[PDB]
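Asker: Here it is, the structure in full.
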Amino acid sequence: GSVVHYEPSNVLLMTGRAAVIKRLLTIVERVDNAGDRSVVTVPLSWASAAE
Amino acid sequence: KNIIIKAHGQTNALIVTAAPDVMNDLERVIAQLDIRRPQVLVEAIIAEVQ
């Protein structure tokens with residue numbers, strides 16, 4: 001069956017079977033879609049900031 | 001770091017380039033430090049005989 005290798009370009013490759021494709025596509029698509037970095041701020045009325 | 005107060009003297013106004021968050025502790029104190037002042041009239045008298 002398939003193998004798995006890393007390149008510094010983050011290629012993610014495999015061969016496997018065609019049914020395996022479904023399960024693994026679904027794997028990464030769920031695990032990568034788990035809320036990666038996002039940014040948001042909050043202003044402040046009167047209190048100190050750096051403190 | 002610190003609070004650096006500078007005073008002008010030529011318009012008679014002063015600056016505050018210090019903390020940008022607790023300045024309120026300065027507005028209150030200067031507001032309690034700028035106040036009209038009453039003045040008093042003193043007269044003394046003396047007299048004698050010889």
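Each chain of the structure tokens is named A, B, ... in the order shown, its residues numbered from 1; ligands are numbered from 1 in display order.
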Residues of chain B no more than 8 Å from chain A, counting only C-alpha atoms: send them over as a CSV table (one decimal) with C-alpha atoms, in the first residue's frame.
Answerer:
chain,number,residue,atom,x,y,z
B,20,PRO,CA,-1.3,57.7,28.5
B,21,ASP,CA,-3.6,55.7,30.8
B,22,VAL,CA,-3.6,57.2,34.3
Asker: Write out as a PyMOL selection string the set of residues from chain B that DSSP, computed on the backbone, places in strand (DSSP E).
Answerer: chain B and resi 4-7+14-17
